[PDB]
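Enquirer: If you scroll down you'll find the structure; I have some questions about it.
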Amino acid sequence: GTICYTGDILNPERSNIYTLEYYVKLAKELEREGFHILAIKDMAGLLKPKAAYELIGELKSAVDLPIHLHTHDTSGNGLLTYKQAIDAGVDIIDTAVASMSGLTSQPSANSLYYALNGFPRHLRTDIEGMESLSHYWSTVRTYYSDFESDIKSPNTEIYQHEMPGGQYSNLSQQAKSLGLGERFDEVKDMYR
Amino acid sequence: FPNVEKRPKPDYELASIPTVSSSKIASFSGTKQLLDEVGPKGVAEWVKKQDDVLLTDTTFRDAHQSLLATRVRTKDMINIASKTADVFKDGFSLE
Amino acid sequence: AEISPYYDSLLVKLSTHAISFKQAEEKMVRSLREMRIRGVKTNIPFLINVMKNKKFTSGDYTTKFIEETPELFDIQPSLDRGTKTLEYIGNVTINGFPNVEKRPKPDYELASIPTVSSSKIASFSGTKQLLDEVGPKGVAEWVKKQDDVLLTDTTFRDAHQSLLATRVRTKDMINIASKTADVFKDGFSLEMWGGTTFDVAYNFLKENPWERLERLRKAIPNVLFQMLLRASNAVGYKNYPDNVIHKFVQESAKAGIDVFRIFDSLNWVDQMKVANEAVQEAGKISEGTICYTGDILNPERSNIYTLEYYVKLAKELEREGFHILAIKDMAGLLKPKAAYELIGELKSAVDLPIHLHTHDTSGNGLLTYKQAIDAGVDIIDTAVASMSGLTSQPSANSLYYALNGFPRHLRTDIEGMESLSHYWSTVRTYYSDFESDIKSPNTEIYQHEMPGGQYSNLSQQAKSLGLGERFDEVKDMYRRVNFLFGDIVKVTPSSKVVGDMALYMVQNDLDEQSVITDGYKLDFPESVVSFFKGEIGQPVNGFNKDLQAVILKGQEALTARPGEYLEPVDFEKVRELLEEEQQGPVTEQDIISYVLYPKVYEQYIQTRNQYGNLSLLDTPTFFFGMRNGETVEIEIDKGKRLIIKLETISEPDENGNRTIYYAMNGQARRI
Amino acid sequence: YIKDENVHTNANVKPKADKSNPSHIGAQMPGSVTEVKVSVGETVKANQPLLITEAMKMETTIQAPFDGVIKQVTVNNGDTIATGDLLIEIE
Amino acid sequence: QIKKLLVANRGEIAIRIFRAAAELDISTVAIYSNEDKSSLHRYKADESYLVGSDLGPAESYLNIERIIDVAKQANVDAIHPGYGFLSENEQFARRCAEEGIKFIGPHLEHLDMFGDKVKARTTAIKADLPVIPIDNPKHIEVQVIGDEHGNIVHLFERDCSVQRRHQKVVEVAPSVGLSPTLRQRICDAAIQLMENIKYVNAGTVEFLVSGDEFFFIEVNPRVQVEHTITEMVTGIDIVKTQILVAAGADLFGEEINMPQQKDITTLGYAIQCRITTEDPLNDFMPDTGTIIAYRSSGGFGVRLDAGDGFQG
Ligand SMILES: *C(=O)CCCC[C@@H]1SC[C@@H]2NC(=O)N[C@@H]21
Ligand SMILES: [Mn+2]
Ligand SMILES: [Mn+2]
């Protein structure tokens, strides 16, 4: 049972609707439905580090279900977010192999493995194994160079407009086709 | 090819694809076997007990949906399937 | 016109007419001033001064008017600058540019360049003013009092040094100076000099790095300027005597540098004294740097680079009188918990503010920062989002929001940061030829410890030999050579030393044991012998006596620091040489730039002579020239711009010369 | 000025669009011109197909940004274009 | 007392001003529009700035507030309006002086008094000049310059009779056929008005001659296109003097070297032609296109104040 994360529970001024207790109520509702696992899909990568700690902390008190957290690293704060969620006792997280991770993709499993060194909870996986997988995909990715995303940097403007996945790139392509390329700030604003 | 920058077939770095014998894989008993043994309710109860963070790899799906317009083919996934099986033997699931 | 020596040469007969003699003479001057004939030396400047001379305007002049006038003959070449520019653009349009893929000038997006008025920026009072009012000690005392995390932007230096081969030109920096002044009005400092920039500016970009410094100084008068300064050689490529280090620090401080981050490639404190003393004298900020290696979390990783090693080292540098302690994590090896534990410990240990600098190559940079901030770090180095991540620093934009809900905030302007990011996102596009091949986080750095660039540079180099396949062994050998050399700190040049051995050993199929056995006939690489000669200083662990013997082959290793062995540079000789070579008068900046990079500087003066000031061209034109039918503007002052239109290029004539049909300032020209 | 009777066909160098001028439609990608749908002096509505271009075996349909009259059509059928080349002008 | 000068105009007149100001050792500033990105006058000055990056290329020259914004941000202390733009504009001069910038021309009330058709007739009645009706008319106008020190002179008349509809075609200076004492009564009548209202800087009084009588038509309160024609016969530079009056200099002073009223006389005759892009095949209408070949003359007697036609 998936909850799509939107808004910013850290900011009481952001929404009157997508509150901490909106998520608790939703999770509890999904529990009674008999979903085996509760999942948090953060499609636009909006779940800020502290917010992750707060949300998973409360949801684990709310439901008996394991929490499976899914974020994108488009903000650049994905690993930090995951770390914080782990601190709050998250059961399962969605990661990717290093060479297929970062930005609009999942946070890096390889990076996260080492990030947790010195901390109480440890990622159950094979680093030596994942370094190898990472090297492999690094080469395969070469075959797919014609389909590479536009994105090469993190983008925090996502916290204002909330465009998921690659949309803020796609909709810019769209904006160009309509002759609004020099006015994309207006589009981003209108989207909000 | 449609949407492929029309250049002659490029010289690539050779990937020497790591493999794990299908015999070794048959002896593994991860979360697929757990589902067969204790069912979906049981698998969930098991995840509760686990102290370590469990991971789901999105390389086969969401990672490339995001980075490469979902274009990653089966031949490339199946080539490291055996290695992936070994690397993620204790991972929660593969998306 | 073809001018032949067979007739009485006469180009123009100029005649003026007015109601008064005064006015007729002023019209003549004006006309002669409007006259511009290039290609052959005319007589205009003589005619100008003849009319200009006051003894003429009064009338009552004799036939001995020329004989009885000394000031009538003057040395003024009238440097034809526009032609020189037309030639550069002409050359790059036809024959290309170094390491730039020869293609038509690419399409680029409009970079909207946000601006802040100079009178608004003049009203600002940031950390530059603070230093002017309270001194270096006063700044440090102030940093310590701040609850917020202060930041240092690296966009003008280390960001593009990591991501774009240091190729970012002054022009792209100058364009957002006034916005940057506003955005980072509350920042601690702007790193914008040092590292490879000095060398790269002169050599690859063919522009004067002192002008970059001086032009950014004016435009950003409110924030401290910071540079990286290597303790042994400042900004150079070899070893230099003490007076050379001192002269460079004197000049840099005058020019506008305020914070000097002084580091040593082997953490050897003795080699940091001369730079320190020079900075102290200059009345500027001296940052004593601890380079980071190993892993304080793993007690099985080093019996040397433990936590107390860094504390004793901090305690030492504080006793040395450094104003600020800086941690330079050059390979991005400072894991999050290690950061927390380290900075936390150093805060109890010393009373200096801690200035932390890391790379995001593992992809754990922001986490490291977050953790350091919890431990009470004072300043951190960041980059604008579009110039951040991977081998660069963590994204300031990301961090700003990352700390939401946590006790300490990042003191900065996000709106401004977002704006800057968008700017640099478009500019970066001009430099796509110099993009690194690193495009995802690499955690293998935790084994091999290859700093900054290396991992790519040493991959090309491994291919440039016969090892391009077996780079697995290189990565391994690198880690073994490190331990073979007694576990050393790895930055420039110590990093090249370890690098070069890894290649060499793999190449000649060397063991750790067989490097001694066959060493008597091996012939090791120059950087290696140099290291065991003490020419880059003393390692923490020292040298294995046997290995040193086998490598040096009879040569003596230095006992004291390399600088002591060196004859002081007679800067008069340098002036006497450079004045002979050039038109005449030469500055101190010239002198010290020559001493640091003799050949590079010489080549720069050769380009300056040929093409003039290239720094003023816009980057796309600098790299690509012009396409047919294009009009290019070159800003010099307010309303002092060169307007260049390219019409066509002819076919090559008998001599392979192409005729370029230009239109400059409305005037048609042929190059 | 001499018109070259079909010998180059595509090797006609088009001007580059003024990117700040909202009347100028530039080419987003290089390619070929498949179909020219409008003429100089024709009134069009917003989003109306003006051109059909072919990039990499893929057909892009260039449309009018707003209501206006076409003032210049730069290209013909089968013409080659480069990124940034002026294609259409409207008011 | 002027350090630097801005020209609120374009083309041939601007280039003429820059040459005059540079002769007075005064720095020069030029403005341009979107379509005059490559007009000749842009380059002949020391400093060149774009006006109205958003506004159209026709309106750009007639934007009072934006031209002041350029002059302010460049330390310009004097603006020459030229002719046929903001030269007859009252609020431009008011705004110039408000920002401490000298407007080169007559004062505020002079443009106010000669701008309206009705008021530029009420003044002539107050200074004894005829109006109410005409047949076989001879178009003659007199050049007038007066300083800020109360000295006003005339530079004889111009024969602007060769004209089509609402357009002058050929001018002649001095006028032919008119008796020596007829042109006297025109010039004296011209001074009669201009000395009466204390006129400052350059100006023109338009008359209509029929048989043997003066008739006041209008006043052009600036330099006209046909100004060159008079300079050649009189010897005195009009545009130059304009700038010199702005500094507060006396007419017959050491700086202008203007001769006395009975010392100013005409030498020979002079004729002007404007070279536009008009032709009787398109009935005097302009055309667009690159000027492939430009062939100019020069020599004795021929005077060239160019500005628009060149290389292509
Ligand atoms: C190729 O020979 C065309 C001439 C381009 C010269 C420029 S100057 C700056 C770059 N540095 C260099 O040595 N050559 C490039
Ligand atoms: Mn997703
Ligand atoms: Mn660094």
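Enquirer: Out of all DSSP beta bridges in the stretch A:21-171, what portion is antiparallel? Express it as a percent rounded to 5.
Expert: Values: 1 of 9 bridges.
Bridges in the stretch A:21-171 that DSSP calls antiparallel: roughly 10 percent.
Enquirer: On to the next question. Put +1 on the Cβ of each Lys and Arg and -1 on the Cβ of each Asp and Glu in the stretch C:532-666; which of C:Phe532, C:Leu617, C:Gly656 then has its Cα farthest toward the positive end of the dipole?
Expert: C:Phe532
Enquirer: Now for a separate question. Using the structure shown, list the pairs from C:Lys645/E:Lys37; A:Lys83/A:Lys152; C:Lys238/C:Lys284; B:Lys6/C:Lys102; D:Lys16/D:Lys57; C:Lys218/E:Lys37 with a Cα-Cα distance above 21 Å, or answer none.
Expert: On the way: C:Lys645/E:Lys37 12 Å; A:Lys83/A:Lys152 23 Å; C:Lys238/C:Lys284 25 Å; B:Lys6/C:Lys102 18 Å; D:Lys16/D:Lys57 24 Å; C:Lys218/E:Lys37 31 Å.
Cα-Cα > 21 Å for A:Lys83/A:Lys152; C:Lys238/C:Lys284; D:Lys16/D:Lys57; C:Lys218/E:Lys37; rest within.
Enquirer: Mind sorting C:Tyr430, C:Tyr520 by how few other Cβ atoms lie within 10 Å of their own Cβ, fewest first? Mind showing how you got there, number by number?
Expert: Values: C:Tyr430 23, C:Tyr520 9.
Starting with the residue having the fewest Cβ neighbours, the order is C:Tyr520, C:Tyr430.
Enquirer: Can you compute the charge dipole magnitude of the protein assembly as shown about its Cα centre, using +1 on each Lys and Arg Cβ and -1 on each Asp and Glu Cβ, nothing else charged? Give it in debye, rounded to the nearest 20. Intermediate results must be reported in sequence, preceding the final value.
Expert: Values: 147 positive and 193 negative charges, 142 e Å.
I would put it at about 680 debye.
Enquirer: From the cross-link list C:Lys328/C:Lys439; A:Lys41/B:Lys41; A:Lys48/C:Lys475; C:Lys312/C:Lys533, which pairs have alpha carbons spaced over 30 Å apart? Please list the in-between numbers first.
Expert: Numbers: C:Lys328/C:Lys439 23 Å; A:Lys41/B:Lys41 21 Å; A:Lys48/C:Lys475 36 Å; C:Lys312/C:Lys533 27 Å.
Table pairs above 30 Å Cα-Cα are A:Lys48/C:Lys475.
Enquirer: As a test, work out the antiparallel percent of DSSP beta bridges whose residues both lie in the protein assembly as shown, rounded to the nearest 5. Before the final figure, lay out the partial values.
Expert: Values: 64 of 129 bridges.
Rounded to the nearest five, the antiparallel share is 50 percent.
Enquirer: Another question, if that's okay. Give the total of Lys-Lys pairs in the stretch E:134-312 with Cα-Cα distances below 27 Å; include a pair only if its members are 8 or more places apart or on different chains.
Expert: 6
Enquirer: Reachable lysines from C:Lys64, Cα under 22 Å, same-chain residues fewer than 8 places away excluded?
Expert: Straight-line reach from C:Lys64, under 22 Å: C:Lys22, C:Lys52, C:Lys54, C:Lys55.
Enquirer: Here's another thing I want to ask about it. Could you state the angle between the C-alpha long axis of helix C:571-581 and the longest principal axis of the C-alpha atoms of chain C, as a value from 0 to 90 degrees rounded to the nearest 10?
Expert: Tilt of helix C:571-581: around 40 degrees.
Enquirer: Taking each residue in C:632-642, count the Cβ atoms of any other chain within 10 Å of its Cβ, then average. What number comes out? It would help to have the intermediate numbers written out before the result.
Expert: Numbers: counts 0, 1, 0, 0, 0, 2, 7, 13, 3, 4, 0.
Average per residue, whole number: 3.
Enquirer: Sort the following peptides by mean Cβ neighbour count (other Cβ atoms within 10 Å, averaged over residues), highest first: C:623-629, C:198-204, C:351-357.
Expert: On the way: C:623-629: 18.6, C:198-204: 20.4, C:351-357: 23.3.
So the order, starting with the most tightly packed, is C:351-357, C:198-204, C:623-629.
Enquirer: Next question. Quote the charge dipole size of the stretch E:178-312 about the Cα centre in Debye, to the nearest 20; the model charges only the Cβ of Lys and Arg (+1) and of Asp and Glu (-1). Walk me through the numbers on the way to the answer.
Expert: Values: 9 positive and 19 negative charges, 48 e Å.
My answer is approximately 220 debye.
Enquirer: Excluding residues fewer than 8 places away in the same chain, name every one of the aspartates and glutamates whose C-alpha is closer than 13 Å to that of C:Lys273.
Expert: Partners found: C:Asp242, C:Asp264, C:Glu281, C:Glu287, C:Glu316, C:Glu318, C:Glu320, C:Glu564.
Enquirer: If you put +1 on each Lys and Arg Cβ and -1 on each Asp and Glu Cβ, how big is the dipole of chain E around its Cα centre, in Debye rounded to 20? Don't skip to the answer; put the middle values down first.
Expert: Values: 31 positive and 46 negative charges, 47 e Å.
Taking the Cα centre of chain E as origin, the dipole is about 220 debye.
Enquirer: Follow-up. Give me D for the stretch E:1-132 in µm² s⁻¹, whole number, from Stokes-Einstein with Rh from the Kirkwood sum over alpha-carbon pairs, 25 °C and 0.890 mPa s. If you can, show how the numbers build up before the last one.
Expert: Details: Rh = 15.6 Å.
Answer, rounded: 157 µm²/s.
Enquirer: Hey, got the average number of other protein chain Cβ atoms within 10 angstrom for residues in E:33-39? Walk me through the numbers on the way to the answer.
Expert: Values: counts 0, 2, 0, 0, 3, 6, 1.
What the average comes to for E:33-39 is 2.
Enquirer: A follow-up question, please. Name the residue farthest towards the positive end of the dipole of the stretch E:134-312 from the options E:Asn136, E:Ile186, E:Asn220, assuming +1 on Cβ of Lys and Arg, -1 on Cβ of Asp and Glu, about the Cα centre.
Expert: E:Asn136
Enquirer: For a quick check: with amide H placed at 1.01 Å from N, whose amide H comes under 5 Å from D:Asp67's, ignoring anything fewer than 5 positions away on the same chain?
Expert: For D:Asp67, whose amide H was placed from the backbone, the distant partners under 5 Å are D:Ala46.
Enquirer: Provide, as a two-decimal number, the C-alpha radius of gyration of the protein assembly as shown over 2.2 N^0.38 Å, N being how many residues it has. List each step's numbers first, then the result.
Expert: Details: Rg = 38.8 Å, N = 1361, 2.2 N^0.38 = 34.1 Å.
The reported ratio for this selection is 1.14.
Enquirer: So how tilted is helix C:414-427 from the main axis of chain C? Cα-based, degrees 0 to 90, rounded to 10.
Expert: It is inclined by approximately 70 degrees.
Enquirer: Per residue of the stretch C:361-367, what does 6.51 cos²θ - 1.76 cosθ + 1.60 with θ = phi - 60° give for ³J(HN,Hα)? Whole Hz please, x for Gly and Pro, Karplus curve as stated.
Expert: So the Karplus estimates, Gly and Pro as x, are 4, 7, x, 10, x, 4, 4 Hz.
Enquirer: Give me the inter-chain shielding for B:72-79: mean count of other chain Cβ atoms within 10 Å, whole number please. Let's see the in-between values first.
Expert: Values: counts 7, 3, 0, 2, 7, 1, 0, 2.
Mean number of neighbouring Cβ atoms from other chains: 3.
Enquirer: What FRET efficiency would be calculated for the residue pair C:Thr42, C:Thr306, taking the C-beta separation as r and a Förster radius of 60 Å, to the nearest 0.05?
Expert: Details: r = 77 Å, r/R0 = 1.28.
Given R0 = 60 Å and the Cβ-Cβ separation, E is 0.20.
Enquirer: Taking H placed 1.01 Å from N in the peptide plane, check which residues at least 5 places from C:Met330 or on another chain put their amide H under 5 Å from its amide H.
Expert: Under 5 Å from the amide H of C:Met330 lie the amide H atoms of C:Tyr292, each far enough along the sequence or on another chain.
Enquirer: At 222 nm, what helix-only mean residue ellipticity would chain E give, in deg cm²/dmol to the nearest 500, using -39500 (n - 2.57) for each DSSP H run of four or more?
Expert: Working: 8 runs with 76 residues, N = 312.
Helix-only estimate at 222 nm: -7000 deg cm²/dmol.
Enquirer: Per-residue counts of other Cβ atoms within 10 Å, averaged by peptide: what ranking do you get for C:485-491, C:385-391, highest first?
Expert: So the order, starting with the most tightly packed, is C:385-391, C:485-491.
Enquirer: Towards the positive end of the charge dipole of chain B, with charges on Cβ (+1 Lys, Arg; -1 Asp, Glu), say which of B:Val43, B:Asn79, B:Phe28 has the farthest Cα.
Expert: Checking the options against the dipole of chain B, the answer is B:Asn79.
Enquirer: D:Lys45: which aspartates and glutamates have alpha carbons under 13 Å from its alpha carbon, excluding same-chain residues fewer than 8 sequence positions away?
Expert: Here the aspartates and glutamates satisfying the reach criterion relative to D:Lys45 are D:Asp67, D:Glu91.
Enquirer: Further question: Within 10 Å, count the other beta carbons around each residue, average over each peptide in D:85-91, C:543-549, and list them highest first. Before the final figure, lay out each step's value.
Expert: On the way: D:85-91: 19.7, C:543-549: 15.0.
By packing density, highest mean first, the sequence is D:85-91, C:543-549.
Enquirer: Grab the Cα-Cα distance for C:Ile113 and C:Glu564, subtract it from 0.36 nm times how many residues apart they are, and report the gain in nm with one decimal.
Expert: Between C:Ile113 and C:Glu564, full extension yields 157.4 nm more.
Enquirer: Please report, to one decimal in angstroms, the Kirkwood hydrodynamic radius of chain D built from all distinct Cα-Cα pairs.
Expert: Details: mean 1/r = 0.0745 Å⁻¹.
It works out to 13.4 Å.
Enquirer: For chain B, what is the mean residue ellipticity at 222 nm derived from helices alone (per DSSP H run of n ≥ 4: -39500 (n - 2.57); sum divided by total residues; nearest 500 deg cm²/dmol)? If you can, show how the numbers build up before the last one.
Expert: Numbers: 5 runs with 43 residues, N = 95.
Helix contribution divided over all residues of chain B: -12500 deg cm²/dmol.
No value in this document is a laboratory result; all are computed from the given coordinates. With ideal geometry, Cβ positions are generated from the backbone for all residues, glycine too; neighbour counts draw on all protein chains shown.
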